[PDB]
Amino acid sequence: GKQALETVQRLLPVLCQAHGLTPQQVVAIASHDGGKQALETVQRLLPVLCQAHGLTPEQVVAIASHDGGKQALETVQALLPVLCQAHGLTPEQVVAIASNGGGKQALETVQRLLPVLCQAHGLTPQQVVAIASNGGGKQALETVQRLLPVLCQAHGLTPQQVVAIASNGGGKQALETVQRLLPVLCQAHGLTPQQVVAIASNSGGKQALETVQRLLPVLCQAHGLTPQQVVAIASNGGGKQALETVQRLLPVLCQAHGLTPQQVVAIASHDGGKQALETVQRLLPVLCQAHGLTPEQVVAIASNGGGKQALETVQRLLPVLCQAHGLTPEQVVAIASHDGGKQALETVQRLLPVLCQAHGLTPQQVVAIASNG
(Lines of atoms letter the chains of each structure in order from A and count residues from 1; the text may use other names and numbers.)
(Lines give C-alpha, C1' and ligand atoms only; values in the text may rest on other atoms or scores of the structure.)
Protein backbone atom coordinates (compact mmCIF):
# COMPACT_ATOMS: atom_id res chain seq x y z
CA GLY A 1 0.00 0.00 0.00
CA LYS A 2 2.29 2.75 1.29
CA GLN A 3 5.11 0.47 0.15
CA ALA A 4 3.41 -0.09 -3.20
CA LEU A 5 3.61 3.72 -3.74
CA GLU A 6 7.27 3.99 -2.66
CA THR A 7 8.21 1.17 -5.01
CA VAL A 8 6.56 2.97 -7.93
CA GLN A 9 8.62 6.03 -7.15
CA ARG A 10 11.68 3.76 -6.98
CA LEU A 11 11.09 1.69 -10.13
CA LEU A 12 9.06 3.91 -12.46
CA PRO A 13 12.14 5.82 -13.74
CA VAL A 14 14.33 2.78 -14.30
CA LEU A 15 11.63 0.63 -15.90
CA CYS A 16 10.79 3.41 -18.33
CA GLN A 17 14.47 4.22 -19.04
CA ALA A 18 15.94 0.71 -19.15
CA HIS A 19 13.03 -1.19 -20.74
CA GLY A 20 10.81 1.41 -22.35
CA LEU A 21 7.78 1.03 -20.15
CA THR A 22 5.32 3.86 -19.87
CA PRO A 23 4.23 5.28 -16.52
CA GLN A 24 0.78 3.87 -17.42
CA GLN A 25 2.14 0.36 -17.86
CA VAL A 26 3.95 0.68 -14.51
CA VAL A 27 0.77 1.91 -12.77
CA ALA A 28 -1.28 -0.89 -14.32
CA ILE A 29 1.05 -3.33 -12.59
CA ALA A 30 1.23 -1.58 -9.22
CA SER A 31 -2.56 -1.23 -9.12
CA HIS A 32 -3.32 -4.77 -7.96
CA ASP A 33 -3.04 -6.74 -4.75
CA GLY A 34 0.68 -6.89 -3.94
CA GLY A 35 1.79 -4.26 -6.44
CA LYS A 36 5.20 -3.89 -4.78
CA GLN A 37 6.40 -7.47 -5.47
CA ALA A 38 4.67 -7.42 -8.88
CA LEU A 39 6.85 -4.45 -9.89
CA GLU A 40 10.09 -5.88 -8.45
CA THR A 41 9.39 -9.11 -10.34
CA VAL A 42 8.89 -7.33 -13.67
CA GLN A 43 12.21 -5.57 -13.09
CA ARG A 44 14.31 -8.71 -12.63
CA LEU A 45 12.40 -11.02 -14.98
CA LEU A 46 11.78 -8.69 -17.93
CA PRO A 47 15.38 -8.76 -19.27
CA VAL A 48 15.56 -12.58 -18.78
CA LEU A 49 12.28 -13.40 -20.54
CA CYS A 50 13.18 -10.95 -23.33
CA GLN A 51 16.56 -12.63 -23.85
CA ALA A 52 15.65 -16.31 -23.29
CA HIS A 53 12.34 -16.50 -25.22
CA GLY A 54 12.10 -13.15 -26.97
CA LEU A 55 9.20 -11.68 -25.03
CA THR A 56 8.69 -7.97 -25.69
CA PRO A 57 8.38 -5.75 -22.63
CA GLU A 58 4.77 -5.23 -23.78
CA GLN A 59 4.07 -8.94 -23.37
CA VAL A 60 5.69 -8.96 -19.93
CA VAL A 61 3.64 -5.92 -18.85
CA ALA A 62 0.43 -7.56 -20.06
CA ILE A 63 1.12 -10.57 -17.85
CA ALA A 64 2.05 -8.54 -14.79
CA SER A 65 -1.03 -6.31 -15.15
CA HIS A 66 -3.59 -8.53 -13.40
CA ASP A 67 -4.07 -9.72 -9.85
CA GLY A 68 -1.22 -12.13 -9.04
CA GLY A 69 1.23 -10.58 -11.47
CA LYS A 70 4.34 -11.87 -9.65
CA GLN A 71 3.11 -15.47 -9.60
CA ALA A 72 2.06 -15.40 -13.26
CA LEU A 73 5.45 -14.05 -14.48
CA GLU A 74 7.41 -16.59 -12.41
CA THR A 75 5.26 -19.36 -13.91
CA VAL A 76 5.77 -18.19 -17.50
CA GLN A 77 9.52 -18.38 -16.85
CA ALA A 78 9.38 -21.89 -15.44
CA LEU A 79 6.92 -23.19 -18.04
CA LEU A 80 7.31 -21.37 -21.38
CA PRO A 81 10.26 -23.52 -22.54
CA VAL A 82 8.58 -26.84 -21.73
CA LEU A 83 5.13 -25.85 -23.08
CA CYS A 84 6.78 -24.59 -26.29
CA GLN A 85 8.86 -27.71 -26.74
CA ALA A 86 6.49 -30.42 -25.44
CA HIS A 87 3.34 -29.20 -27.23
CA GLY A 88 4.74 -27.01 -29.96
CA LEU A 89 3.50 -23.73 -28.49
CA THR A 90 4.88 -20.37 -29.53
CA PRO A 91 5.89 -17.93 -26.81
CA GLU A 92 3.05 -15.79 -28.19
CA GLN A 93 0.54 -18.50 -27.32
CA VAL A 94 2.05 -18.88 -23.84
CA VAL A 95 1.72 -15.12 -23.30
CA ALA A 96 -1.98 -15.20 -24.25
CA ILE A 97 -2.61 -18.00 -21.74
CA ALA A 98 -1.01 -15.96 -18.94
CA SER A 99 -2.34 -12.44 -19.58
CA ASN A 100 -5.86 -12.48 -18.09
CA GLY A 101 -5.22 -13.08 -14.39
CA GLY A 102 -5.14 -16.42 -12.61
CA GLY A 103 -2.23 -16.61 -15.00
CA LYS A 104 -0.29 -19.05 -12.83
CA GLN A 105 -3.20 -21.46 -12.64
CA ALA A 106 -4.17 -21.04 -16.30
CA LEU A 107 -0.68 -22.11 -17.42
CA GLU A 108 -0.47 -25.04 -15.02
CA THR A 109 -3.93 -26.23 -16.10
CA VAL A 110 -2.93 -26.03 -19.75
CA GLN A 111 0.12 -28.07 -18.82
CA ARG A 112 -2.07 -30.75 -17.14
CA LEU A 113 -5.02 -30.98 -19.52
CA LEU A 114 -3.39 -30.30 -22.86
CA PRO A 115 -2.06 -33.81 -23.64
CA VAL A 116 -5.18 -35.28 -22.00
CA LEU A 117 -7.73 -33.15 -23.90
CA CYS A 118 -5.82 -33.66 -27.09
CA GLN A 119 -5.72 -37.46 -26.82
CA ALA A 120 -9.15 -38.14 -25.25
CA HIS A 121 -11.17 -35.82 -27.50
CA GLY A 122 -8.87 -35.17 -30.44
CA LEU A 123 -8.26 -31.53 -29.61
CA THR A 124 -5.38 -29.44 -30.95
CA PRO A 125 -2.88 -27.53 -28.81
CA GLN A 126 -4.03 -24.45 -30.68
CA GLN A 127 -7.62 -25.23 -29.64
CA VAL A 128 -6.70 -25.68 -25.98
CA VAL A 129 -4.71 -22.44 -26.22
CA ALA A 130 -7.78 -20.64 -27.56
CA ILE A 131 -10.00 -22.04 -24.79
CA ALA A 132 -7.51 -20.87 -22.15
CA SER A 133 -6.73 -17.44 -23.61
CA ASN A 134 -9.67 -15.50 -22.16
CA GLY A 135 -10.81 -14.50 -18.68
CA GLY A 136 -11.56 -17.84 -17.00
CA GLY A 137 -9.41 -20.28 -18.98
CA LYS A 138 -8.66 -22.61 -16.07
CA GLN A 139 -12.39 -23.00 -15.32
CA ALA A 140 -13.06 -23.05 -19.09
CA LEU A 141 -10.68 -25.96 -19.72
CA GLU A 142 -12.11 -28.08 -16.92
CA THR A 143 -15.61 -27.37 -18.20
CA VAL A 144 -14.63 -28.40 -21.73
CA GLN A 145 -13.14 -31.60 -20.32
CA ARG A 146 -16.30 -32.12 -18.28
CA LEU A 147 -18.98 -31.21 -20.83
CA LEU A 148 -17.22 -32.15 -24.06
CA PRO A 149 -18.40 -35.82 -23.86
CA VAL A 150 -21.82 -34.80 -22.50
CA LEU A 151 -22.63 -32.52 -25.45
CA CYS A 152 -21.17 -34.84 -28.08
CA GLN A 153 -23.39 -37.76 -27.05
CA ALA A 154 -26.58 -36.03 -25.93
CA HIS A 155 -26.81 -33.52 -28.76
CA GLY A 156 -24.36 -34.77 -31.35
CA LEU A 157 -22.10 -31.73 -31.02
CA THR A 158 -18.50 -32.03 -32.26
CA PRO A 159 -15.34 -31.08 -30.33
CA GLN A 160 -14.82 -28.30 -32.87
CA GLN A 161 -18.26 -27.01 -31.94
CA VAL A 162 -17.55 -27.28 -28.21
CA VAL A 163 -14.17 -25.57 -28.69
CA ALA A 164 -15.87 -22.77 -30.64
CA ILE A 165 -18.34 -22.31 -27.81
CA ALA A 166 -15.68 -22.24 -25.07
CA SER A 167 -13.29 -19.77 -26.88
CA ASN A 168 -14.57 -16.26 -26.06
CA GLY A 169 -15.50 -14.23 -23.02
CA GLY A 170 -16.86 -16.74 -20.49
CA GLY A 171 -16.33 -20.25 -21.80
CA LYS A 172 -17.69 -22.06 -18.73
CA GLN A 173 -20.89 -19.97 -18.77
CA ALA A 174 -21.43 -20.37 -22.51
CA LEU A 175 -20.99 -24.15 -22.40
CA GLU A 176 -23.37 -24.62 -19.49
CA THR A 177 -25.88 -22.32 -21.19
CA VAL A 178 -25.71 -24.33 -24.40
CA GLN A 179 -26.21 -27.48 -22.34
CA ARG A 180 -29.29 -26.08 -20.61
CA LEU A 181 -30.81 -24.24 -23.58
CA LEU A 182 -29.96 -26.51 -26.52
CA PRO A 183 -32.87 -28.99 -26.03
CA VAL A 184 -35.27 -26.10 -25.35
CA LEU A 185 -34.31 -23.88 -28.29
CA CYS A 186 -34.80 -26.94 -30.52
CA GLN A 187 -37.92 -28.60 -29.17
CA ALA A 188 -39.93 -25.63 -27.94
CA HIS A 189 -38.54 -23.05 -30.40
CA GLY A 190 -37.89 -25.07 -33.57
CA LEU A 191 -34.12 -24.64 -33.82
CA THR A 192 -31.34 -27.01 -34.76
CA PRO A 193 -28.21 -27.78 -32.70
CA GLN A 194 -26.11 -26.22 -35.47
CA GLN A 195 -28.04 -22.97 -35.06
CA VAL A 196 -27.68 -23.02 -31.26
CA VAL A 197 -23.97 -23.53 -31.82
CA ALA A 198 -23.72 -20.62 -34.28
CA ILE A 199 -25.42 -18.24 -31.81
CA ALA A 200 -23.22 -19.43 -28.94
CA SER A 201 -19.95 -19.18 -30.91
CA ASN A 202 -19.40 -15.49 -30.21
CA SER A 203 -18.30 -12.99 -27.57
CA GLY A 204 -21.33 -13.29 -25.31
CA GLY A 205 -22.84 -16.62 -26.28
CA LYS A 206 -24.74 -16.89 -23.01
CA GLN A 207 -26.66 -13.61 -23.40
CA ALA A 208 -26.96 -14.11 -27.14
CA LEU A 209 -28.66 -17.50 -26.62
CA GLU A 210 -30.78 -15.99 -23.86
CA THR A 211 -31.84 -13.02 -26.00
CA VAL A 212 -32.69 -15.40 -28.82
CA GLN A 213 -34.66 -17.53 -26.40
CA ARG A 214 -36.86 -14.57 -25.45
CA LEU A 215 -37.24 -12.71 -28.74
CA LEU A 216 -37.75 -15.77 -30.92
CA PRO A 217 -41.53 -16.22 -30.37
CA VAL A 218 -42.19 -12.47 -30.37
CA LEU A 219 -40.34 -11.70 -33.58
CA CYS A 220 -41.73 -14.74 -35.38
CA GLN A 221 -45.39 -14.17 -34.54
CA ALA A 222 -45.37 -10.35 -34.65
CA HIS A 223 -43.24 -9.78 -37.75
CA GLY A 224 -43.66 -13.06 -39.56
CA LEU A 225 -39.93 -13.78 -39.77
CA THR A 226 -38.49 -17.28 -39.43
CA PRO A 227 -35.93 -18.86 -37.07
CA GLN A 228 -33.41 -19.07 -39.93
CA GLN A 229 -33.60 -15.29 -40.15
CA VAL A 230 -33.39 -14.76 -36.38
CA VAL A 231 -30.41 -17.08 -36.23
CA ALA A 232 -28.76 -15.20 -39.13
CA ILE A 233 -29.09 -11.93 -37.19
CA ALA A 234 -27.82 -13.42 -33.91
CA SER A 235 -24.93 -15.45 -35.42
CA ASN A 236 -22.62 -12.44 -35.91
CA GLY A 237 -20.52 -10.66 -33.29
CA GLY A 238 -22.80 -8.27 -31.38
CA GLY A 239 -25.72 -10.56 -32.23
CA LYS A 240 -27.68 -9.91 -29.05
CA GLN A 241 -27.71 -6.15 -29.66
CA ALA A 242 -28.41 -6.75 -33.37
CA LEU A 243 -31.54 -8.76 -32.50
CA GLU A 244 -32.55 -6.22 -29.85
CA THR A 245 -32.41 -3.32 -32.29
CA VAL A 246 -34.24 -5.35 -34.92
CA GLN A 247 -37.08 -5.65 -32.44
CA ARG A 248 -37.37 -1.94 -31.85
CA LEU A 249 -36.60 -0.77 -35.39
CA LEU A 250 -38.44 -3.31 -37.59
CA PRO A 251 -41.86 -1.69 -36.95
CA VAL A 252 -40.73 1.90 -37.40
CA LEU A 253 -38.79 1.09 -40.56
CA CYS A 254 -41.57 -1.00 -42.07
CA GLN A 255 -44.36 1.46 -41.33
CA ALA A 256 -42.60 4.78 -41.84
CA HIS A 257 -40.12 3.81 -44.56
CA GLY A 258 -42.13 1.09 -46.28
CA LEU A 259 -39.36 -1.43 -45.63
CA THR A 260 -40.30 -5.12 -45.40
CA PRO A 261 -39.12 -7.36 -42.56
CA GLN A 262 -37.31 -9.43 -45.21
CA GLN A 263 -35.12 -6.40 -45.95
CA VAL A 264 -34.67 -5.35 -42.34
CA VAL A 265 -33.36 -8.90 -41.80
CA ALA A 266 -30.88 -8.58 -44.73
CA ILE A 267 -29.55 -5.32 -43.33
CA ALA A 268 -29.10 -6.77 -39.85
CA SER A 269 -27.73 -10.14 -41.07
CA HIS A 270 -24.13 -8.94 -41.55
CA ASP A 271 -21.36 -7.74 -39.24
CA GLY A 272 -22.30 -4.26 -38.06
CA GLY A 273 -25.92 -5.17 -38.79
CA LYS A 274 -26.93 -3.24 -35.69
CA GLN A 275 -25.15 -0.05 -36.77
CA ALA A 276 -26.23 -0.62 -40.39
CA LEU A 277 -29.89 -0.85 -39.38
CA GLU A 278 -29.49 2.25 -37.14
CA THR A 279 -27.81 4.19 -39.95
CA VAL A 280 -30.62 3.24 -42.36
CA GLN A 281 -33.08 4.93 -40.01
CA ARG A 282 -30.90 8.05 -39.71
CA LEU A 283 -30.04 8.50 -43.39
CA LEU A 284 -32.87 6.97 -45.48
CA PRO A 285 -34.97 10.17 -45.47
CA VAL A 286 -32.10 12.42 -46.47
CA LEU A 287 -31.06 9.96 -49.20
CA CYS A 288 -34.59 9.78 -50.61
CA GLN A 289 -35.29 13.50 -50.24
CA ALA A 290 -31.96 15.03 -51.32
CA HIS A 291 -29.98 12.37 -53.21
CA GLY A 292 -32.59 10.74 -55.43
CA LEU A 293 -32.68 7.34 -53.74
CA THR A 294 -35.67 5.05 -53.07
CA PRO A 295 -35.86 3.14 -49.77
CA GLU A 296 -35.34 0.06 -51.97
CA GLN A 297 -31.95 1.32 -53.13
CA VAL A 298 -31.05 2.45 -49.61
CA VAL A 299 -31.68 -1.18 -48.58
CA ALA A 300 -29.52 -2.58 -51.38
CA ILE A 301 -26.60 -0.41 -50.23
CA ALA A 302 -26.95 -1.27 -46.54
CA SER A 303 -27.27 -4.99 -47.41
CA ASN A 304 -23.54 -5.88 -47.52
CA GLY A 305 -20.53 -5.86 -45.22
CA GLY A 306 -20.10 -2.41 -43.66
CA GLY A 307 -23.40 -1.13 -44.96
CA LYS A 308 -23.18 1.77 -42.49
CA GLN A 309 -19.95 3.06 -44.04
CA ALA A 310 -21.31 2.45 -47.54
CA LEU A 311 -24.46 4.53 -46.91
CA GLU A 312 -22.37 7.25 -45.29
CA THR A 313 -20.11 7.51 -48.29
CA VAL A 314 -23.00 7.33 -50.76
CA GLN A 315 -24.33 10.37 -48.90
CA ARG A 316 -20.88 11.95 -49.07
CA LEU A 317 -20.00 11.20 -52.69
CA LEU A 318 -23.31 11.07 -54.58
CA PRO A 319 -23.59 14.86 -55.01
CA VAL A 320 -20.05 15.27 -56.39
CA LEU A 321 -20.40 12.20 -58.60
CA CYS A 322 -23.65 13.47 -60.13
CA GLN A 323 -22.81 17.18 -60.39
CA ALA A 324 -19.19 16.92 -61.60
CA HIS A 325 -19.08 13.60 -63.48
CA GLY A 326 -22.63 13.22 -64.69
CA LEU A 327 -23.55 10.03 -62.86
CA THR A 328 -27.15 9.18 -61.94
CA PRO A 329 -27.98 8.07 -58.41
CA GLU A 330 -28.99 4.79 -60.04
CA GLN A 331 -25.38 4.53 -61.21
CA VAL A 332 -24.04 5.46 -57.77
CA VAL A 333 -26.29 2.80 -56.22
CA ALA A 334 -25.06 0.15 -58.68
CA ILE A 335 -21.47 0.80 -57.57
CA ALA A 336 -22.10 0.93 -53.85
CA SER A 337 -24.26 -2.23 -53.97
CA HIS A 338 -21.46 -4.81 -53.79
CA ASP A 339 -18.98 -6.17 -51.28
CA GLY A 340 -16.76 -3.13 -50.82
CA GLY A 341 -19.03 -0.65 -52.55
CA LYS A 342 -17.59 2.11 -50.37
CA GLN A 343 -14.04 1.82 -51.65
CA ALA A 344 -15.38 1.06 -55.10
CA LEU A 345 -17.20 4.43 -55.05
CA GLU A 346 -14.07 6.12 -53.69
CA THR A 347 -11.92 4.85 -56.55
CA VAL A 348 -14.65 5.68 -59.07
CA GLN A 349 -14.37 9.25 -57.76
CA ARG A 350 -10.58 9.13 -58.14
CA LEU A 351 -10.29 7.53 -61.60
CA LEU A 352 -13.31 8.89 -63.44
CA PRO A 353 -11.79 12.32 -64.36
CA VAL A 354 -8.55 10.69 -65.49
CA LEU A 355 -9.91 7.75 -67.50
CA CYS A 356 -12.55 9.88 -69.25
CA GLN A 357 -9.80 12.25 -70.38
CA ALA A 358 -7.02 9.97 -71.63
CA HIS A 359 -9.07 7.07 -72.97
CA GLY A 360 -12.20 9.00 -73.79
CA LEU A 361 -13.88 6.27 -71.75
CA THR A 362 -17.38 7.39 -70.89
CA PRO A 363 -18.66 7.62 -67.34
CA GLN A 364 -21.09 4.88 -68.43
CA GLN A 365 -18.19 2.56 -69.18
CA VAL A 366 -16.48 3.23 -65.86
CA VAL A 367 -19.73 2.47 -64.08
CA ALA A 368 -20.14 -0.78 -66.03
CA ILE A 369 -16.66 -1.81 -64.86
CA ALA A 370 -17.15 -0.78 -61.22
CA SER A 371 -20.56 -2.47 -60.90
CA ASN A 372 -19.18 -5.92 -60.08
CA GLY A 373 -17.45 -8.00 -57.42
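So that there is no doubt, residue numbering starts at 1 and follows the sequence shown.
Comparing 135-143 with 183-191, the stretch with the higher mean C-alpha B-factor in the PDB entry is 135-143. According to the PDB record, 113-121 carries the higher mean C-alpha B-factor of the two stretches 261-269 and 113-121.
For residue 79, the recorded CA B-factor ranks within the middle third of the chain. Only modelled residues enter the ranking. The deposited CA B-factor of residue 282 belongs to the middle third of values across its chain.
Residue 349: CA B factor lies in the lowest third for its chain, per the PDB record. Per the PDB record, residue ranking by Cα B-factor puts residue 172 in the highest third of the chain. In the deposited entry, the Cα temperature factor of residue 31 places it in the middle third of its chain's modelled residues.
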